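First, one chain by itself in structure tokens, the form deposited in one PDB entry.
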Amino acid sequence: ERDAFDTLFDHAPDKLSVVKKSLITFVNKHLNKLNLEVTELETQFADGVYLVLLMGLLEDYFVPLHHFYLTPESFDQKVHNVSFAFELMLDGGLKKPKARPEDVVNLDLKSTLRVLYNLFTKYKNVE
């Protein structure tokens, strides 16, 4: 059952379509191992959960739930989660992300795509 907002996410061709499709394939290769699926880059990384779990999968370590918010309710909890993912990235050798964690939670595509594309570049070959 659809509203007018839902129509904004129907696929229209754009200049970043090949880039986006490749990122979705990449995140799903890992997340699907946890029965998680991404279909929509524009919104599904905003709350920080999947990025935290993606880091666990890419670096191959357990990330206990007490480190982050599996069910973030507030803006602060999502900012927390994205910020924690960024710390996992930085500690694994990656350069400090340009994005502010608030920009990811606030649905900025440029910040979100840049974060994911950097993960793809470093972790392309992790099976």
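Note that residue numbering begins at 1 and tracks the sequence as displayed. Residues that one form lacks are left out of the comparison. So that the term is clear: the rigid core is the largest set of C-alpha atoms that superpose within 1.5 Å between two forms.
Mean Cα B-factor comparison, 109-117 or 7-15, giving the higher one as deposited = Of 109-117 and 7-15, the stretch with the higher C-alpha B-factor average is 7-15.
ask   = Mean C-alpha B factor from the entry: is it higher for 88-96 or for 48-56?
value = On average, C-alpha B-factors are higher across 88-96.
Entry-reported Cα temperature factor of residue 35, expressed as the chain third it lands in = Ranked within chain, residue 35 CA B lands in the highest tercile.
Omitted from view is the form solved in complex with a partner chain, to which the following refers.
ask   = Do all of 18, 23 and 121 end up near its partner chain in the deposited complex, with near meaning a heavy atom within 4.5 Å?
value = Verified in the deposited complex; spot residues all in contact, yes.
Distance check, residue 8 to its partner chain in the deposited complex, heavy atom within 4.5 Å = Yes, contact at 4.5 Å.
query = After a core superposition, would you say residue 9 shifts its C-alpha by at least 2 Å between the shown form and the other one?
reply = Comparing forms between the shown form and the other one, the residue 9 CA shifts at least 2 Å.
request  = Check residue 8 against residue 114 at the C-alpha atoms and report closer or farther in the deposited complex, compared with the shown form; the change is 3 Å or more.
outcome  = Those two alpha carbons end up closer in the deposited complex.
task = Regarding residue 12 and residue 43, go with closer or farther for their CA spacing in the deposited complex versus this form, the difference being 3 Å or more.
result = Relative to the shown form, the pair is farther apart.
ask   = Which consecutive stretches of at least 3 residues differ between the shown form and the other one by 2 Å or more at every CA, rigid core held fixed, listed in sequence order?
value = Residues 1-15 form the sole shifted run.
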